[PDB]
Amino acid sequence: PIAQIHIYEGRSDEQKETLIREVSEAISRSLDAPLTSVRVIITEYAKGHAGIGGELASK
Amino acid sequence: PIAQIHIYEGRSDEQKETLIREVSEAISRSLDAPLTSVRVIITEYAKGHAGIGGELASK
Amino acid sequence: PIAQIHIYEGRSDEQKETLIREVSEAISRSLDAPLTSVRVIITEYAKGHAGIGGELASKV
Amino acid sequence: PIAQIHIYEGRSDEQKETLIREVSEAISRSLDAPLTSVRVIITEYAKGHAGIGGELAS
Amino acid sequence: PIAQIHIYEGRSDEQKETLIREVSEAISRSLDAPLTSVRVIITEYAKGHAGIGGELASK
Amino acid sequence: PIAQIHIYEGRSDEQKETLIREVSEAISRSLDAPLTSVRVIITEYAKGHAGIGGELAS
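**Brief notes about the overall build of chain C**
When its secondary structure is counted, chain C shows 1 helix and 4 strands. Its helices and strands in sequence order give chain C the pattern β-α-β-β-β, from N to C terminus. Relative to a compact globule of 60 residues, whose C-alpha radius of gyration would be 10 Å, chain C shows 14 Å and is clearly more extended. In terms of overall dimensions, chain C has a C-alpha envelope of 40 × 25 × 15 Å along the principal axes. Counting across all 60 residues of chain C, residues that qualify as buried make up 58%. Sequence separation of 24 or more characterises 61% of the internal contacts of chain C that already satisfy a separation of 6 or more. With an accessible surface of roughly 2,700 Å², chain C has 45% of that area assigned to carbon and sulfur atoms. With 7 positive and 9 negative side-chain charges, chain C shows a spacing of 3 Å between the two charge centroids.

Set out below in structure tokens:
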């Protein structure tokens, strides 16, 4: 499985490593898939590059 | 946060429901983000549409 | 520019055609990019394949 | 609805805000979906990271 | 490396297998990355779900 | 066709240009599709943003 996770910028490397580990484990146990087969990629966004209801996340 | 999870076809409804719940919870606790803000989209693939090392997953 | 638009299944052909046109026009005028350069791809999802708050969209 | 828009780098914050608003409104009226349900994420690319016909956009 | 390739529906199984192999090889030599590390996922689209210049690919 | 290629950061502009050209040509010959119709977008990732087996690539 391959998971792309889109998150706001601003977290530490440690928090992102935790995110990757916990998500990978959740995918593996949910699907009964080998942990080694799970790939995760994180993509960060500035709040000025994200919209909800047409309004910037930054407001 | 938004997670797009690419998985092989053939998982049960129950496993997919678990996937959505467990991944959402993992994202929420890892990022200290409200669970209600976490969105997940599952996309399924035939093994004939996936490659590893240039070879079909189906072989 | 390339837009990938993820929507729930169940829209009409007419609404999808409108979506493509109106989004393309919005991208073109917002960015001052030639309309001919704007590409849109629509991807549909069953509500059973979408989660909000850890719950299936088909439930909430 | 969730829209991911891939654009070249170099626009101002104001132009990108306009992009987000106008695209969101277009999605909402095209689909008769509540505006509040529409999410947009912008991803920028350097012209050396985009290819057309095998050739760099730059 | 992970490649997602978006193509129109209607290609043969053989062409898709070739696509996976040839793209994977191109990635491997371009990046000097081991072929075994390259993953490809193909996604097909109906021409009614693709727009060019605001017009459906199907017209 | 549109290809999105996710790669680790650290390659030169020249290597990325080669990637774009060689991938585009591979798509074109594999599908018998005109080279001019093939678009490629590259996205780079830090090794701290990539997981294999739940562990950081770095």
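**Focus on the overall build of chain A**
When helices and strands are tallied, chain A shows 1 helix and 4 strands. Walking chain A from its N terminus toward its C terminus, one meets helices and strands in the order β-α-β-β-β. Its C-alpha radius of gyration of 14 Å places chain A more than 25% over the 10 Å reference for a compact globule of 59 residues. Looking at chain A residue by residue over its 59 residues, the buried ones come to 53%. In the structure as shown, chain A presents an accessible area of about 2,500 Å², 46% of it carried by carbon and sulfur atoms. Across chain A, the mean location of the 7 positive side-chain charges is 4 Å away from that of the 9 negative side-chain charges.

**Some points on unusual backbone geometry**
At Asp32(B), a residue that is not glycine, the phi angle is positive and equals roughly 50 degrees. Relative to the elements of secondary structure, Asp32(B) occurs in the loop between α1 (13-31) and β2 (39-45).

**Focus: the UniProt feature "active site" in chain A**
Under the present numbering, the feature "active site" in UniProt falls on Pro1(A). Tracing the sequence through the fold places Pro1(A) in the segment before β1 (2-8). The class of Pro1(A) is buried, set by a relative accessible area of 14%. Not counting the four nearest positions on each side in its chain, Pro1(A) is found in contact with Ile27(A), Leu31(A), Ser37(A), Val38(A), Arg39(A), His6(B) and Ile7(B).

**Side note on the relation of the copies chain F and chain D**
For the pair chain F and chain D, the best superposition has an RMSD of 0.1 Å and corresponds to a rotation of 120 degrees with a translation of 0.0 Å parallel to the axis. These values place the two chain copies in the arrangement generated by a three-fold rotation axis. Every residue of chain F has its C-alpha some distance from the rotation axis, and the shortest such distance is that of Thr43(F), at 5.5 Å.

**Quick notes on helix α1 (residues 13-31) of chain D**
Relative to the 27 Å expected for 19 residues at 1.5 Å per residue, α1(D) spans 27 Å between its end C-alpha atoms, a close match to the ideal helical length. Taken as a whole, α1(D) has its buried residues at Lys16(D), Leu19(D), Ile20(D), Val23(D), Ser24(D), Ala26(D), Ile27(D), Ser28(D), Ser30(D) and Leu31(D). Among the structural elements, β3 (50-52) and β4 (55-56) of chain A, β1 (2-8) and α1 (13-31) of chain C together with β1 (2-8) and β2 (39-45) of chain D are those in contact with the buried residues of α1(D). Looking at the residues trailing α1(D), positive phi occurs at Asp32(D), about 50 degrees.

**Things to note about the packing of aromatic side chains**
If you walk through the whole model with that rule in mind, you get 0 aromatic pairs over all chains. Of note, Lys47(A) hangs over the ring of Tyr8(A), and the distance from its end group to the ring centre comes to 5.0 Å. Just above the ring of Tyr8(F) sits the side chain of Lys47(F); from NZ or CZ to the centre is 5.1 Å.

**Things to note about the interface of chain A and chain B**
In this complex, chain A contributes 20 residues to the contact, which on the side of chain B involves 19 residues. Buried area between chain A and chain B, summed over both chains or domains, comes out near 1,700 Å², and the portion from carbon and sulfur atoms is 58%. Together, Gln4(A), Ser30(A) and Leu31(A) form the three largest contributors to the area buried by chain A at its contact with chain B, with a combined 31%. At the boundary of chain A and chain B, one finds 2 salt bridges. Note that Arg29(A) is salt-bridged to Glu22(B), the shortest N-O span being 2.8 Å. At the surface where chain A touches chain B, the tally comes to 10 residue pairs in polar contact. Looking at the side of chain A that touches chain B, the elements that each hand over two or more residues are β1 and α1 (13-31) of chain A. With 10 residues, the top contributor of residues to the side of chain A that touches chain B is α1(A).

**Quick notes on the sheet that holds strand β3 (residues 50-52) of chain D**
One open sheet holds the 8 strands; their spatial order is β4(B)-β3(B)-β2(E)-β1(E)-β1(F)-β2(F)-β3(D)-β4(D), and the pairing between them is mixed. Taken across any chain shown, the strands that pair with only one partner, and hence form the sheet edges, are β4 (55-56) of chain B together with β4 (55-56) of chain D. Contacts from helix α1 (residues 13-31) of chain E reach β3 (50-52) and β4 of chain B, β1 (2-8) and β2 (39-45) of chain E together with β1 (2-8) of chain F, with the element oriented near 135 degrees to β2(E). Along the sheet, helix α1 (residues 13-31) of chain F contacts β3 and β4 of chain D, β1 of chain E together with β1 and β2 (39-45) of chain F; its crossing angle with β2(F), the most-contacted strand, is approximately 135 degrees.

**Thoughts on the relation of the copies chain A and chain B**
Aligned on chain B, chain A shows an RMSD of 0.3 Å; the corresponding rotation is 178 degrees and the shift along the axis is 0.0 Å. As the rotation angle and translation indicate, the two copies are arranged about a two-fold axis. Most of the interface of chain A is mirrored in chain B, where 95% of its interface residues again form contacts.

Analysis parameters
Throughout, residue numbers begin from 1 within each chain and advance along the sequence as written. They need not agree with those in the entry, and any residue without coordinates is left out. In the order they appear in the text, chains get letters beginning with A and ligands get numbers beginning with 1. Water and hydrogen atoms were dropped before computing side-chain values, which therefore reflect all heavy atoms in the structure. For the purposes of this entry, the term helix denotes a DSSP run of H or I that reaches at least four residues, the term strand denotes a run of E that reaches at least two, and both are numbered from the N terminus. Radius of gyration means the value over C-alpha atoms here, while the globule rule gives 2.2 Å times the residue count to the 0.38 power. Each residue is placed in one exposure class: buried if its accessible area under a 1.4 Å probe, protein chains only, is under 20% of its type's maximum, exposed if it is over 50%, and partly exposed if it falls in between. Every residue pair with non-hydrogen atoms within 4.5 Å of one another is taken to be in contact. All accessibility values rest on the Shrake-Rupley procedure with a 1.4 Å probe; residue burial counts only the protein chains present in the view. For the charge count, each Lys or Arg is scored as positive and each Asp or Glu as negative, with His and the chain ends excluded. Every charge is mapped to an atom, namely NZ of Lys, CZ of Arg, CG of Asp or CD of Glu. UniProt positions are given in the numbering used here, feature names are shortened, and annotations may be inferred rather than shown by experiment. We line the copies up by least squares, and the atoms we fit are the C-alpha atoms. Here the expected span of a helix is defined as 1.5 Å times the quantity of residues minus one. Stacked, tilted and edge-to-face are the three classes applied to pairs of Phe, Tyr and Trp rings, where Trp contributes its six-membered ring and a pair requires centres within 6.5 Å; stacked means planes under 30 degrees apart, edge-to-face means over 60, and tilted covers the rest. Whether a charge sits over a ring depends on NZ of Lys or CZ of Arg being within 6 Å of the ring centre and within 35 degrees of the ring normal. When two parts are put together, the accessible area they lose, computed with a 1.4 Å probe and summed over both, is reported as buried area. The salt bridge criterion pairs a side-chain nitrogen of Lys or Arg with a carboxyl oxygen of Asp or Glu, the two atoms within 4 Å. Within 3.5 Å is the distance limit for a polar contact, defined as a pair of N or O atoms, with the added protein rule that one can donate a hydrogen and the other accept it, and that residues adjacent in sequence qualify only through two side-chain atoms. A strand pair is defined by DSSP finding two or more bridges across the two strands. Only C-alpha atoms enter the line fits that serve as axes; for helices the fit covers just the stretch in contact. Angles between N-to-C directions range over 0 to 180 degrees.

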